[PDB]
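I have placed the structure first, in the form of structure tokens, so that the comments after it can refer back to it.
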Amino acid sequence: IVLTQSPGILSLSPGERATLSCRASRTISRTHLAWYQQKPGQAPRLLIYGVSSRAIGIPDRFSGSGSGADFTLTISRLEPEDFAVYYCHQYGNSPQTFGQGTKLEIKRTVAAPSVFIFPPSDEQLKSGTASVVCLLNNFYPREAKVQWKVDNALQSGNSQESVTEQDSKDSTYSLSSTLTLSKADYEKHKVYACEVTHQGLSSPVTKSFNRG
Amino acid sequence: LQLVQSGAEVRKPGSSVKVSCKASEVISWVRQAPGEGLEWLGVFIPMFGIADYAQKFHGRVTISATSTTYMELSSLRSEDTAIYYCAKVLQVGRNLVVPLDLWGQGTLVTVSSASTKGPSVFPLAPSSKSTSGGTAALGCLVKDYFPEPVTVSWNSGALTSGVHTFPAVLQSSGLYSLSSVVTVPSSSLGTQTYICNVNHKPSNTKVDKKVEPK
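Protein chains in written order, with PDB author numbering: chain L, 2 to 30, 30A, 31 to 212; chain H, 2 to 25, 32 to 52, 52A, 53 to 71, 75 to 82, 82A to 82C, 83 to 100, 100A to 100D, 100F to 100G, 101 to 214.
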């Protein structure tokens, strides 16, 4: 019983109403669906049990409706504590399946990243490897693209990215990308550049440095 | 009261892990890979004494049960690296209405050939290439540790605003790497001391790293 939730990422403001759909590929028996919420770093909290029936401590803003193969979770008025991931879960006469989840992020003004670059430390160079870090700080929306260039040679497959959860204050995101070279390769070249693309940027932003 | 689970576990590929869940109704065992959704492993109700599994894990999962339920996963692979939860859904009665969910704290299980190792804390030093206007950025690269997790603070917790500790990445070597950055006023780079405090409890590695420009 595959469960498909929609939309993938829901971007709303505190005070609006949120509608989240859960569509199954079968029948889901009868009154055997649950809605859980999950915040980063916590266990899932049961919001609604048995399609309609609510759970203890769950406010009246949360409401479960639907039946058959289409179900919906509705939040009447969004509060800041309501922005998280939401899962639907059937547990009736099946191998108990889950949905992939929907992300409720706070919608805000498009904000461009602050791009910084950090060369490897001399300690790490003495260790034998070299890491160059690129930081995109406090941007929105979450979608952004980085590209490494060593002496104007595009780097592919030798870097890794990481993104923060949405900041509880300014509702922005941050990303860090690490490019990993050997000490020899690092000392063979000079110009190390991080090229950044984001909607809030009128121009792609390049933060670069030279060895020395 | 609550559900308590056993501590975190590191296992090699092909071995087995047994996770306990002691109680203070059915007991459900689910798991979640890092950055992934919820996956139902199985359930065990003590009334019958028989557990039900998922067809994916049917061959290698055993759930059984002092008030303690056990979940054993055999022939462990890297895909099974996840946080494992036990849960009880109990029905409460008040105002003639019937609901309540109880969860364990979760058990991190890491399947890897890697051996436990403390990290190296290198400085991401501030410079003219890491300052926009009057705000500079500086941080700490916590590289080549295993396993998860690692905690980072700044100035023994005195520096909290403008702090961003990113999720770790799993490098091709099977070792984790993380970065923790902070933005401060650029005029403070020479007058204010900035130190990142890194704790990797699995290897019992603690490092305090002063981050200075140049």
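Heads up, the beta-carbon is just placed ideally off N, CA and C, and yes, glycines get one too.
8 Å Cβ cutoff, residue i in contact with chain L
i	result
residue 60 of chain H	yes
residue 51 of chain H	no
residue 179 of chain H	yes
residue 19 of chain H	no
residue 200 of chain H	no
residue 189 of chain H	no
residue 46 of chain H	yes
residue 36 of chain H	no
residue 101 of chain H	yes
residue 141 of chain H	yes
residue 210 of chain H	no
residue 146 of chain H	no
residue 57 of chain H	no
residue 109 of chain H	no
residue 95 of chain H	yes
residue 115 of chain H	no
Whole-Å CB distance - residue i paired with residue j, under 8 Å assumed
i	j	result
residue 130 of chain H	residue 117 of chain L	7 Å
residue 1 of chain L	residue 178 of chain L	Nothing can be reported for residue 1 of chain L, as the shown portion of chain L is limited to 2 through 212.
residue 194 of chain H	residue 184 of chain H	7 Å
residue 160 of chain L	residue 169 of chain H	4 Å
residue 165 of chain H	residue 152 of chain H	5 Å
residue 1 of chain L	residue 13 of chain L	Outside the modelled stretch of chain L, which goes from 2 to 212, sits residue 1 of chain L, for which no answer is possible.
residue 199 of chain H	residue 150 of chain H	7 Å
residue 20 of chain H	residue 7 of chain H	5 Å
residue 50 of chain H	residue 40 of chain H	So it is not a contact: roughly 20 Å between Cβ atoms.
residue 176 of chain H	residue 43 of chain L	Actually they are not in contact, since the Cβ atoms of residue 176 of chain H and residue 43 of chain L sit about 22 Å apart, beyond 8 Å.
residue 6 of chain L	residue 102 of chain L	5 Å
Proximity test, Cβ basis, 8 Å: residue i and chain H
i	result
residue 3 of chain L	no
residue 28 of chain L	no
residue 140 of chain L	no
residue 124 of chain L	yes
residue 37 of chain L	no
residue 33 of chain L	no
residue 44 of chain L	yes
residue 133 of chain L	yes
residue 100 of chain L	yes
Reduced DSSP category for residue i - H, G, I as helix; E, B as strand; rest coil
i	result
residue 208 of chain L	strand
residue 120 of chain H	strand
residue 194 of chain H	coil
residue 214 of chain H	coil
residue 186 of chain L	helix
residue 40 of chain L	coil
residue 60 of chain L	coil
residue 79 of chain L	coil
residue 95 of chain L	coil
residue 62 of chain H	coil
residue 10 of chain H	strand
residue 15 of chain L	strand
residue 46 of chain H	strand
residue 202 of chain H	helix
residue 188 of chain H	helix
residue 32 of chain H	coil
residue 84 of chain H	helix
residue 75 of chain H	coil
residue 2 of chain L	coil
residue 179 of chain H	strand
residue 68 of chain L	coil
Report task. For the segment 182–209 of chain L, enumerate the residues whose C-beta is nearer than 7 Å to any C-beta of chain H, in chain order. Result -> 207, 209
Query - Residues from the segment 77–95 of chain L in contact with chain H, defined by Cβ distance under 9 Å - result: Look at the segment 77–95 of chain L: the residues with a C-beta under 9 Å from a C-beta of chain H are 85, 87, 89, 91, 95.
Query raised in the report: Which whole runs of the alpha helix (DSSP H) in the segment 116–170 of chain H are 4 residues long or more, in chain order?
Result: none
Query raised in the report: For the segment 8–26 of chain L, which residues have a CB atom closer than 8 Å to at least one CB atom of chain H, in sequence order?
Result: Close to chain H, meaning a Cβ-Cβ distance shorter than 8 Å, is no residue of the segment 8–26 of chain L at all.
Query raised in the report: In chain order, which alpha helix (DSSP H) runs of at least 4 residues are fully inside the segment 99–171 of chain L?
Result: 122–127
Query - Residues, ordered as in the chain, of the segment 151–185 of chain L that lie near chain H by beta-carbon distance below 9 Å - result: 160, 161, 162, 163, 164, 165, 167, 169, 174, 175, 176, 178, 180
Query - Under 9 Å (Cβ pairs) to chain H, residues found in the segment 102–121 of chain L - result: 114, 115, 116, 117, 118, 119, 120, 121
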